[PDB]
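Participant: final18.cif is reproduced below (mmCIF, C-alpha atoms; chains and numbers go by the auth columns).
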data_protein
loop_
_atom_site.group_PDB
_atom_site.id
_atom_site.type_symbol
_atom_site.label_atom_id
_atom_site.label_comp_id
_atom_site.label_asym_id
_atom_site.label_seq_id
_atom_site.Cartn_x
_atom_site.Cartn_y
_atom_site.Cartn_z
_atom_site.B_iso_or_equiv
_atom_site.auth_seq_id
_atom_site.auth_asym_id
ATOM 1 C CA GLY A 1 -61.100 -102.523 11.582 0.00 1 A
ATOM 2 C CA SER A 2 -59.453 -105.265 9.553 0.00 2 A
ATOM 3 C CA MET A 3 -56.507 -104.570 7.274 0.00 3 A
ATOM 4 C CA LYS A 4 -58.301 -105.849 4.162 0.00 4 A
ATOM 5 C CA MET A 5 -60.739 -102.939 4.552 0.00 5 A
ATOM 6 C CA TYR A 6 -58.207 -100.118 4.770 0.00 6 A
ATOM 7 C CA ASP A 7 -56.414 -101.845 1.874 0.00 7 A
ATOM 8 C CA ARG A 8 -59.267 -101.207 -0.566 0.00 8 A
ATOM 9 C CA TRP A 9 -59.895 -97.636 0.664 0.00 9 A
ATOM 10 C CA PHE A 10 -56.239 -96.510 0.644 0.00 10 A
ATOM 11 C CA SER A 11 -53.532 -96.889 -1.978 0.00 11 A
ATOM 12 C CA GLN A 12 -50.310 -98.629 -0.983 0.00 12 A
ATOM 13 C CA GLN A 13 -48.286 -95.434 -0.568 0.00 13 A
ATOM 14 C CA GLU A 14 -51.162 -93.997 1.479 0.00 14 A
ATOM 15 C CA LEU A 15 -50.991 -96.976 3.838 0.00 15 A
ATOM 16 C CA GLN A 16 -47.297 -96.227 4.416 0.00 16 A
ATOM 17 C CA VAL A 17 -48.398 -92.957 6.068 0.00 17 A
ATOM 18 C CA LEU A 18 -51.761 -93.864 7.654 0.00 18 A
ATOM 19 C CA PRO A 19 -51.405 -94.730 11.370 0.00 19 A
ATOM 20 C CA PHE A 20 -54.539 -96.900 11.223 0.00 20 A
ATOM 21 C CA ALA A 21 -52.529 -99.278 9.033 0.00 21 A
ATOM 22 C CA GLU A 22 -50.181 -99.713 11.989 0.00 22 A
ATOM 23 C CA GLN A 23 -51.312 -102.541 14.264 0.00 23 A
ATOM 24 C CA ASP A 24 -51.207 -100.610 17.548 0.00 24 A
ATOM 25 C CA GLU A 25 -52.905 -102.230 20.533 0.00 25 A
ATOM 26 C CA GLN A 26 -53.299 -98.933 22.402 0.00 26 A
ATOM 27 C CA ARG A 27 -54.881 -97.147 19.435 0.00 27 A
ATOM 28 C CA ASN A 28 -57.140 -100.169 18.922 0.00 28 A
ATOM 29 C CA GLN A 29 -58.074 -100.016 22.614 0.00 29 A
ATOM 30 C CA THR A 30 -58.736 -96.269 22.510 0.00 30 A
ATOM 31 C CA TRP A 31 -61.101 -96.580 19.559 0.00 31 A
ATOM 32 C CA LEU A 32 -62.966 -99.446 21.221 0.00 32 A
ATOM 33 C CA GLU A 33 -63.772 -97.083 24.099 0.00 33 A
ATOM 34 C CA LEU A 34 -64.586 -94.090 21.891 0.00 34 A
ATOM 35 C CA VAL A 35 -66.912 -96.206 19.740 0.00 35 A
ATOM 36 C CA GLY A 36 -68.334 -97.900 22.835 0.00 36 A
ATOM 37 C CA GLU A 37 -68.875 -94.646 24.717 0.00 37 A
ATOM 38 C CA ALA A 38 -70.602 -93.175 21.661 0.00 38 A
ATOM 39 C CA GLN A 39 -72.846 -96.218 21.277 0.00 39 A
ATOM 40 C CA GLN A 40 -73.784 -95.935 24.958 0.00 40 A
ATOM 41 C CA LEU A 41 -74.568 -92.213 24.760 0.00 41 A
ATOM 42 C CA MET A 42 -76.705 -93.026 21.721 0.00 42 A
ATOM 43 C CA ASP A 43 -78.383 -95.941 23.515 0.00 43 A
ATOM 44 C CA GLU A 44 -79.235 -93.469 26.285 0.00 44 A
ATOM 45 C CA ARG A 45 -80.349 -90.991 23.583 0.00 45 A
ATOM 46 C CA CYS A 46 -77.998 -88.397 25.017 0.00 46 A
ATOM 47 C CA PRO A 47 -78.488 -84.884 23.592 0.00 47 A
ATOM 48 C CA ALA A 48 -75.599 -83.628 21.486 0.00 48 A
ATOM 49 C CA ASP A 49 -75.218 -80.408 23.513 0.00 49 A
ATOM 50 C CA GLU A 50 -74.554 -82.152 26.826 0.00 50 A
ATOM 51 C CA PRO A 51 -71.061 -82.174 28.372 0.00 51 A
ATOM 52 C CA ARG A 52 -70.687 -85.947 28.021 0.00 52 A
ATOM 53 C CA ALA A 53 -71.377 -85.708 24.290 0.00 53 A
ATOM 54 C CA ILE A 54 -69.081 -82.678 24.049 0.00 54 A
ATOM 55 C CA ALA A 55 -66.237 -84.395 25.902 0.00 55 A
ATOM 56 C CA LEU A 56 -66.542 -87.565 23.821 0.00 56 A
ATOM 57 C CA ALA A 57 -66.731 -85.744 20.478 0.00 57 A
ATOM 58 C CA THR A 58 -63.661 -83.728 21.454 0.00 58 A
ATOM 59 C CA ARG A 59 -61.841 -86.981 22.216 0.00 59 A
ATOM 60 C CA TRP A 60 -62.934 -88.362 18.831 0.00 60 A
ATOM 61 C CA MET A 61 -61.541 -85.394 16.891 0.00 61 A
ATOM 62 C CA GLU A 62 -58.198 -85.471 18.723 0.00 62 A
ATOM 63 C CA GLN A 63 -57.840 -89.195 18.010 0.00 63 A
ATOM 64 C CA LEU A 64 -58.859 -88.713 14.373 0.00 64 A
ATOM 65 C CA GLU A 65 -56.443 -85.814 13.900 0.00 65 A
ATOM 66 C CA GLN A 66 -53.644 -88.071 15.139 0.00 66 A
ATOM 67 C CA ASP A 67 -54.707 -91.279 13.378 0.00 67 A
ATOM 68 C CA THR A 68 -55.182 -89.508 10.038 0.00 68 A
ATOM 69 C CA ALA A 69 -51.752 -87.884 10.621 0.00 69 A
ATOM 70 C CA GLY A 70 -53.227 -84.410 10.280 0.00 70 A
ATOM 71 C CA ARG A 71 -53.789 -85.173 6.603 0.00 71 A
ATOM 72 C CA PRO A 72 -57.278 -83.906 5.659 0.00 72 A
ATOM 73 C CA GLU A 73 -57.259 -86.179 2.603 0.00 73 A
ATOM 74 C CA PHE A 74 -57.436 -89.142 5.007 0.00 74 A
ATOM 75 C CA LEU A 75 -60.247 -87.727 7.131 0.00 75 A
ATOM 76 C CA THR A 76 -62.138 -87.264 3.859 0.00 76 A
ATOM 77 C CA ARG A 77 -61.417 -90.894 2.978 0.00 77 A
ATOM 78 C CA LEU A 78 -62.510 -92.174 6.393 0.00 78 A
ATOM 79 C CA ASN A 79 -65.728 -90.182 5.995 0.00 79 A
ATOM 80 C CA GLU A 80 -66.355 -91.821 2.624 0.00 80 A
ATOM 81 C CA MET A 81 -65.443 -95.210 4.095 0.00 81 A
ATOM 82 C CA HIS A 82 -67.930 -95.028 6.978 0.00 82 A
ATOM 83 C CA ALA A 83 -70.923 -94.083 4.816 0.00 83 A
ATOM 84 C CA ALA A 84 -70.272 -96.409 1.851 0.00 84 A
ATOM 85 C CA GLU A 85 -68.308 -99.426 3.140 0.00 85 A
ATOM 86 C CA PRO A 86 -70.708 -102.385 3.565 0.00 86 A
ATOM 87 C CA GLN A 87 -68.683 -103.902 6.425 0.00 87 A
ATOM 88 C CA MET A 88 -68.360 -100.730 8.521 0.00 88 A
ATOM 89 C CA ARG A 89 -70.788 -101.663 11.304 0.00 89 A
ATOM 90 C CA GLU A 90 -69.451 -105.210 11.619 0.00 90 A
ATOM 91 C CA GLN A 91 -65.735 -104.371 11.652 0.00 91 A
ATOM 92 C CA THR A 92 -65.896 -101.170 13.737 0.00 92 A
ATOM 93 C CA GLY A 93 -69.387 -100.635 15.122 0.00 93 A
ATOM 94 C CA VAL A 94 -69.293 -97.130 13.632 0.00 94 A
ATOM 95 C CA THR A 95 -72.507 -96.169 11.836 0.00 95 A
ATOM 96 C CA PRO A 96 -73.543 -92.991 9.994 0.00 96 A
ATOM 97 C CA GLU A 97 -75.865 -92.060 12.876 0.00 97 A
ATOM 98 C CA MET A 98 -72.959 -92.320 15.330 0.00 98 A
ATOM 99 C CA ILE A 99 -70.738 -90.154 13.118 0.00 99 A
ATOM 100 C CA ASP A 100 -73.581 -87.656 12.804 0.00 100 A
ATOM 101 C CA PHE A 101 -73.883 -87.606 16.590 0.00 101 A
ATOM 102 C CA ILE A 102 -70.158 -86.975 17.101 0.00 102 A
ATOM 103 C CA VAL A 103 -70.145 -84.241 14.450 0.00 103 A
ATOM 104 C CA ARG A 104 -73.189 -82.479 15.903 0.00 104 A
ATOM 105 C CA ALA A 105 -71.804 -82.704 19.448 0.00 105 A
ATOM 106 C CA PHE A 106 -68.477 -81.248 18.291 0.00 106 A
ATOM 107 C CA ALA A 107 -70.435 -78.419 16.661 0.00 107 A
ATOM 108 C CA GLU A 108 -72.325 -77.865 19.919 0.00 108 A
ATOM 109 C CA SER A 109 -68.984 -77.601 21.721 0.00 109 A
ATOM 110 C CA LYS A 110 -68.122 -74.574 19.574 0.00 110 A
ATOM 111 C CA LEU A 111 -71.587 -73.000 19.444 0.00 111 A
ATOM 112 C CA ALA A 112 -71.442 -73.286 23.247 0.00 112 A
ATOM 113 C CA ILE A 113 -68.340 -71.074 23.220 0.00 113 A
ATOM 114 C CA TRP A 114 -69.621 -68.680 20.550 0.00 114 A
ATOM 115 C CA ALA A 115 -72.777 -68.143 22.616 0.00 115 A
ATOM 116 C CA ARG A 116 -70.544 -66.206 25.032 0.00 116 A
ATOM 117 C CA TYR A 117 -69.252 -63.874 22.284 0.00 117 A
ATOM 118 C CA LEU A 118 -72.224 -63.329 19.953 0.00 118 A
ATOM 119 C CA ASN A 119 -75.579 -61.753 20.687 0.00 119 A
ATOM 120 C CA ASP A 120 -78.633 -63.970 20.255 0.00 120 A
ATOM 121 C CA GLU A 121 -79.295 -62.658 16.735 0.00 121 A
ATOM 122 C CA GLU A 122 -75.748 -63.398 15.560 0.00 122 A
ATOM 123 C CA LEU A 123 -75.830 -66.740 17.382 0.00 123 A
ATOM 124 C CA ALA A 124 -79.129 -67.726 15.757 0.00 124 A
ATOM 125 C CA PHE A 125 -77.538 -67.148 12.349 0.00 125 A
ATOM 126 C CA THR A 126 -74.520 -69.349 13.103 0.00 126 A
ATOM 127 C CA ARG A 127 -76.511 -72.252 14.562 0.00 127 A
ATOM 128 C CA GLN A 128 -78.870 -71.880 11.596 0.00 128 A
ATOM 129 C CA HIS A 129 -76.171 -72.112 8.925 0.00 129 A
ATOM 130 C CA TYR A 130 -73.343 -73.974 10.678 0.00 130 A
ATOM 131 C CA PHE A 131 -73.915 -77.213 8.748 0.00 131 A
ATOM 132 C CA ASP A 132 -74.625 -75.668 5.321 0.00 132 A
ATOM 133 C CA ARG A 133 -71.014 -75.857 4.086 0.00 133 A
ATOM 134 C CA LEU A 134 -69.345 -77.740 6.957 0.00 134 A
ATOM 135 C CA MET A 135 -68.348 -80.707 4.790 0.00 135 A
ATOM 136 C CA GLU A 136 -66.541 -78.438 2.294 0.00 136 A
ATOM 137 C CA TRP A 137 -63.679 -77.612 4.692 0.00 137 A
ATOM 138 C CA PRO A 138 -61.665 -80.853 4.352 0.00 138 A
ATOM 139 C CA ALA A 139 -61.084 -80.279 0.623 0.00 139 A
ATOM 140 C CA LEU A 140 -60.159 -76.637 1.219 0.00 140 A
ATOM 141 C CA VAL A 141 -57.721 -77.442 4.028 0.00 141 A
ATOM 142 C CA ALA A 142 -56.156 -80.114 1.823 0.00 142 A
ATOM 143 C CA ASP A 143 -55.614 -77.462 -0.850 0.00 143 A
ATOM 144 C CA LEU A 144 -54.182 -75.180 1.846 0.00 144 A
ATOM 145 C CA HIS A 145 -51.729 -77.950 2.734 0.00 145 A
ATOM 146 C CA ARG A 146 -50.954 -78.454 -0.960 0.00 146 A
ATOM 147 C CA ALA A 147 -50.573 -74.714 -1.588 0.00 147 A
ATOM 148 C CA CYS A 148 -48.311 -74.413 1.461 0.00 148 A
ATOM 149 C CA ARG A 149 -46.410 -77.585 0.513 0.00 149 A
ATOM 150 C CA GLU A 150 -45.777 -76.141 -2.959 0.00 150 A
ATOM 151 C CA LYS A 151 -44.605 -72.759 -1.598 0.00 151 A
ATOM 152 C CA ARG A 152 -47.397 -70.917 -3.407 0.00 152 A
ATOM 153 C CA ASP A 153 -47.589 -67.162 -2.860 0.00 153 A
ATOM 154 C CA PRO A 154 -50.550 -66.106 -0.666 0.00 154 A
ATOM 155 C CA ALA A 155 -50.792 -62.975 -2.832 0.00 155 A
ATOM 156 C CA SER A 156 -50.841 -64.852 -6.148 0.00 156 A
ATOM 157 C CA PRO A 157 -54.161 -65.366 -7.954 0.00 157 A
ATOM 158 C CA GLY A 158 -53.988 -69.034 -6.978 0.00 158 A
ATOM 159 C CA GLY A 159 -53.544 -68.150 -3.320 0.00 159 A
ATOM 160 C CA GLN A 160 -56.146 -65.382 -3.324 0.00 160 A
ATOM 161 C CA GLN A 161 -58.507 -67.961 -4.834 0.00 161 A
ATOM 162 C CA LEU A 162 -58.103 -70.072 -1.686 0.00 162 A
ATOM 163 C CA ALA A 163 -58.685 -67.106 0.623 0.00 163 A
ATOM 164 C CA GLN A 164 -61.876 -66.511 -1.364 0.00 164 A
ATOM 165 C CA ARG A 165 -63.017 -70.092 -0.789 0.00 165 A
ATOM 166 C CA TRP A 166 -62.274 -69.642 2.911 0.00 166 A
ATOM 167 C CA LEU A 167 -64.223 -66.375 3.115 0.00 167 A
ATOM 168 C CA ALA A 168 -67.130 -68.182 1.466 0.00 168 A
ATOM 169 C CA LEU A 169 -67.107 -70.934 4.087 0.00 169 A
ATOM 170 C CA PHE A 170 -66.430 -68.536 6.962 0.00 170 A
ATOM 171 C CA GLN A 171 -69.211 -66.136 5.985 0.00 171 A
ATOM 172 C CA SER A 172 -71.562 -69.102 5.478 0.00 172 A
ATOM 173 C CA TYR A 173 -72.016 -69.335 9.261 0.00 173 A
ATOM 174 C CA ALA A 174 -70.450 -66.099 10.573 0.00 174 A
ATOM 175 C CA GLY A 175 -72.324 -63.630 8.355 0.00 175 A
ATOM 176 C CA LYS A 176 -71.167 -60.657 6.327 0.00 176 A
ATOM 177 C CA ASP A 177 -71.118 -57.795 8.872 0.00 177 A
ATOM 178 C CA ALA A 178 -67.581 -56.797 9.873 0.00 178 A
ATOM 179 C CA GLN A 179 -68.769 -56.104 13.421 0.00 179 A
ATOM 180 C CA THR A 180 -69.949 -59.708 13.768 0.00 180 A
ATOM 181 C CA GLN A 181 -66.999 -61.256 11.916 0.00 181 A
ATOM 182 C CA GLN A 182 -64.595 -59.686 14.418 0.00 182 A
ATOM 183 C CA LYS A 183 -66.349 -61.125 17.434 0.00 183 A
ATOM 184 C CA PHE A 184 -65.364 -64.384 15.717 0.00 184 A
ATOM 185 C CA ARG A 185 -61.712 -63.369 15.409 0.00 185 A
ATOM 186 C CA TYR A 186 -61.728 -62.313 19.071 0.00 186 A
ATOM 187 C CA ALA A 187 -63.209 -65.629 20.179 0.00 187 A
ATOM 188 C CA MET A 188 -60.628 -67.516 18.107 0.00 188 A
ATOM 189 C CA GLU A 189 -57.826 -65.463 19.674 0.00 189 A
ATOM 190 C CA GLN A 190 -59.138 -66.363 23.146 0.00 190 A
ATOM 191 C CA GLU A 191 -60.652 -69.848 22.721 0.00 191 A
ATOM 192 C CA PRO A 192 -58.201 -72.647 21.858 0.00 192 A
ATOM 193 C CA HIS A 193 -61.123 -75.016 21.320 0.00 193 A
ATOM 194 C CA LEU A 194 -62.382 -73.107 18.261 0.00 194 A
ATOM 195 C CA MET A 195 -59.292 -74.232 16.290 0.00 195 A
ATOM 196 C CA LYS A 196 -59.484 -77.921 17.231 0.00 196 A
ATOM 197 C CA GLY A 197 -60.515 -80.478 14.644 0.00 197 A
ATOM 198 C CA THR A 198 -59.548 -78.260 11.706 0.00 198 A
ATOM 199 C CA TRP A 199 -56.515 -80.266 10.486 0.00 199 A
ATOM 200 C CA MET A 200 -54.532 -77.016 10.390 0.00 200 A
ATOM 201 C CA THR A 201 -50.825 -76.868 11.168 0.00 201 A
ATOM 202 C CA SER A 202 -49.045 -73.760 12.400 0.00 202 A
ATOM 203 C CA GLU A 203 -47.565 -73.405 8.917 0.00 203 A
ATOM 204 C CA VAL A 204 -50.777 -73.838 6.931 0.00 204 A
ATOM 205 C CA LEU A 205 -52.487 -71.411 9.303 0.00 205 A
ATOM 206 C CA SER A 206 -49.676 -68.885 8.881 0.00 206 A
ATOM 207 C CA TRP A 207 -50.109 -69.197 5.109 0.00 207 A
ATOM 208 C CA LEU A 208 -53.880 -68.706 5.202 0.00 208 A
ATOM 209 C CA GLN A 209 -53.646 -65.707 7.535 0.00 209 A
ATOM 210 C CA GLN A 210 -51.311 -64.099 5.004 0.00 210 A
ATOM 211 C CA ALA A 211 -53.679 -64.930 2.140 0.00 211 A
ATOM 212 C CA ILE A 212 -56.604 -63.458 4.083 0.00 212 A
ATOM 213 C CA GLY A 213 -54.556 -60.405 5.037 0.00 213 A
ATOM 214 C CA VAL A 214 -53.908 -59.577 1.385 0.00 214 A
ATOM 215 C CA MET A 215 -57.555 -60.126 0.457 0.00 215 A
ATOM 216 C CA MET A 216 -59.008 -58.016 3.265 0.00 216 A
ATOM 217 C CA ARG A 217 -56.359 -55.287 3.349 0.00 217 A
ATOM 218 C CA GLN A 218 -57.919 -51.822 3.306 0.00 218 A
ATOM 219 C CA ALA A 219 -56.290 -48.927 1.476 0.00 219 A
ATOM 220 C CA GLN A 220 -56.467 -46.930 4.728 0.00 220 A
ATOM 221 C CA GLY A 221 -56.693 -48.026 8.338 0.00 221 A
ATOM 222 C CA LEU A 222 -54.499 -50.281 10.449 0.00 222 A
ATOM 223 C CA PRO A 223 -53.155 -53.099 8.220 0.00 223 A
ATOM 224 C CA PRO A 224 -52.656 -56.693 9.405 0.00 224 A
ATOM 225 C CA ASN A 225 -49.572 -58.195 11.068 0.00 225 A
#
Have the structure of the file written as structure tokens, please.
Facilitator:
Amino acid sequence: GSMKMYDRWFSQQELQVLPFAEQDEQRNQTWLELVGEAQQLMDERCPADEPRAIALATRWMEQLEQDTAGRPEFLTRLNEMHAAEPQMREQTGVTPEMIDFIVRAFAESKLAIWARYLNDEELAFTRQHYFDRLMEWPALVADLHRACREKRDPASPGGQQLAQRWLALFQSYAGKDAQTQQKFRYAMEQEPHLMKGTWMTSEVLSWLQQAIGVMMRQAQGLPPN
């Protein structure tokens, strides 16, 4: 995309940190392929749950996580840009239907893994509700970055507020039965792909796991650590 377009969707200081502002020929070439491979899979009407769609969507997320600099605020902005910018199709070829295809295929990549850990009843619930709150995660993760940046205490009311927001999003697709929720923790301990495309750093994750440990700590029974 042209520089005039990022210039109206990002403040000046934001452009100092956004890799898309950099004129990199290899990044430009990568995105041409990614956008071209998506457009071809769409032209073929490729199902979202097929390996080609899964492999492409995984490549998209990795490239977005790098080219937003792991800043969820910038993913959020790019999402707003694609759906509202008049010159999105012309300057990038990216359309809302393409972004919906990549997002659904990336979801399929994880449902594909969860299918091996959840029974069909649990799995039907997740596939049913996966998209209900999906778009609310970027703003939460950004607050997790901000709360970790500002050295907030995971046990403070402010921090326990964030662990509540997380539990809301988590339970939205995982359910409310502890037996089912722990199949999810097991999968995440065994499946590196379940953590991809979450704009989480080791540090932010370490902060959230503390905040969730305080929230879920039981008076008796093995504590967390």
Participant: I'd like to know which of A:193, A:129, A:59, A:185 is closest to residue 109 of chain A, using only C-alpha atoms.
Facilitator: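 Smallest separation from residue 109 of chain A among the options: A:193.
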Participant: I'd like the neighbourhood of residue 9 of chain A as a ChimeraX atom specification, where a residue qualifies if any of its atoms comes within 9 Å (using all atoms listed in the file), though same-chain residues fewer than 3 positions away should be ignored.
Facilitator: /A:5-6,77-78,80-81,85
Participant: Could you check which of A:30, A:170, A:154, A:3 is closest to residue 213 of chain A, using all atoms listed in the file?
Facilitator: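 Checking each candidate against residue 213 of chain A, we get A:154 as the closest.
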Participant: Check what the PyMOL selection byres ((chain A and resi 63) around 12) selects in the file above and give those residues as a ChimeraX atom specification.
Facilitator: /A:19-20,26-35,56-62,64-70,75,196-197,199
Participant: Using only C-alpha atoms, determine which residues lie at most 12 Å from residue 156 of chain A, disregarding the query and same-chain residues fewer than 6 positions distant; provide the list as number ranges by chain.
Facilitator: A: 147, 162-163, 210-212, 214-215
Participant: Please, could N, CA, C and O atoms be added to segment 158-175 of chain A and the result written as a JSON list (two decimals), keeping the file's coordinate frame?
Facilitator:
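Done, and the output landed in out35.json:
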[["chain", "number", "residue", "atom", "x", "y", "z"],
["A", 158, "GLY", "N", -53.68, -67.73, -7.53],
["A", 158, "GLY", "CA", -53.99, -69.03, -6.98],
["A", 158, "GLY", "C", -54.23, -68.98, -5.48],
["A", 158, "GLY", "O", -55.16, -69.61, -4.97],
["A", 159, "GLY", "N", -53.39, -68.23, -4.76],
["A", 159, "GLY", "CA", -53.54, -68.15, -3.32],
["A", 159, "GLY", "C", -54.74, -67.31, -2.90],
["A", 159, "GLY", "O", -55.45, -67.66, -1.96],
["A", 160, "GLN", "N", -54.97, -66.19, -3.60],
["A", 160, "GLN", "CA", -56.15, -65.38, -3.32],
["A", 160, "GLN", "C", -57.43, -66.14, -3.65],
["A", 160, "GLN", "O", -58.48, -65.85, -3.07],
["A", 161, "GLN", "N", -57.36, -67.09, -4.59],
["A", 161, "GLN", "CA", -58.51, -67.96, -4.83],
["A", 161, "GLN", "C", -58.86, -68.75, -3.58],
["A", 161, "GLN", "O", -60.04, -68.88, -3.23],
["A", 162, "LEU", "N", -57.85, -69.29, -2.89],
["A", 162, "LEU", "CA", -58.10, -70.07, -1.69],
["A", 162, "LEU", "C", -58.68, -69.21, -0.57],
["A", 162, "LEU", "O", -59.60, -69.63, 0.14],
["A", 163, "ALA", "N", -58.14, -68.00, -0.39],
["A", 163, "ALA", "CA", -58.68, -67.11, 0.62],
["A", 163, "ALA", "C", -60.12, -66.71, 0.29],
["A", 163, "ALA", "O", -60.90, -66.40, 1.20],
["A", 164, "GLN", "N", -60.48, -66.73, -0.99],
["A", 164, "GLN", "CA", -61.88, -66.51, -1.36],
["A", 164, "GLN", "C", -62.73, -67.70, -0.94],
["A", 164, "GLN", "O", -63.81, -67.52, -0.36],
["A", 165, "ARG", "N", -62.28, -68.92, -1.23],
["A", 165, "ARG", "CA", -63.02, -70.09, -0.79],
["A", 165, "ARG", "C", -63.20, -70.08, 0.72],
["A", 165, "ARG", "O", -64.30, -70.35, 1.22],
["A", 166, "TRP", "N", -62.15, -69.73, 1.46],
["A", 166, "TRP", "CA", -62.27, -69.64, 2.91],
["A", 166, "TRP", "C", -63.34, -68.63, 3.31],
["A", 166, "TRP", "O", -64.26, -68.94, 4.08],
["A", 167, "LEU", "N", -63.24, -67.40, 2.78],
["A", 167, "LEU", "CA", -64.22, -66.38, 3.12],
["A", 167, "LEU", "C", -65.64, -66.85, 2.82],
["A", 167, "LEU", "O", -66.58, -66.50, 3.54],
["A", 168, "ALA", "N", -65.81, -67.63, 1.76],
["A", 168, "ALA", "CA", -67.13, -68.18, 1.47],
["A", 168, "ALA", "C", -67.59, -69.09, 2.60],
["A", 168, "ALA", "O", -68.71, -68.95, 3.11],
["A", 169, "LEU", "N", -66.73, -70.02, 3.02],
["A", 169, "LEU", "CA", -67.11, -70.93, 4.09],
["A", 169, "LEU", "C", -67.28, -70.18, 5.40],
["A", 169, "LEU", "O", -68.27, -70.39, 6.12],
["A", 170, "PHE", "N", -66.34, -69.31, 5.73],
["A", 170, "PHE", "CA", -66.43, -68.54, 6.96],
["A", 170, "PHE", "C", -67.74, -67.76, 7.01],
["A", 170, "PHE", "O", -68.54, -67.92, 7.94],
["A", 171, "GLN", "N", -68.00, -66.94, 5.99],
["A", 171, "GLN", "CA", -69.21, -66.14, 5.98],
["A", 171, "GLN", "C", -70.47, -66.99, 5.97],
["A", 171, "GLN", "O", -71.53, -66.51, 6.37],
["A", 172, "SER", "N", -70.38, -68.25, 5.54],
["A", 172, "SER", "CA", -71.56, -69.10, 5.48],
["A", 172, "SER", "C", -72.25, -69.19, 6.84],
["A", 172, "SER", "O", -73.48, -69.21, 6.92],
["A", 173, "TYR", "N", -71.46, -69.25, 7.92],
["A", 173, "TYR", "CA", -72.02, -69.33, 9.26],
["A", 173, "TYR", "C", -71.76, -68.10, 10.12],
["A", 173, "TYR", "O", -72.47, -67.90, 11.10],
["A", 174, "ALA", "N", -70.77, -67.27, 9.77],
["A", 174, "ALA", "CA", -70.45, -66.10, 10.57],
["A", 174, "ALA", "C", -71.16, -64.84, 10.11],
["A", 174, "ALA", "O", -71.25, -63.88, 10.89],
["A", 175, "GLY", "N", -71.66, -64.80, 8.88],
["A", 175, "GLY", "CA", -72.32, -63.63, 8.36],
["A", 175, "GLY", "C", -71.40, -62.78, 7.51],
["A", 175, "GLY", "O", -70.28, -63.16, 7.16]]
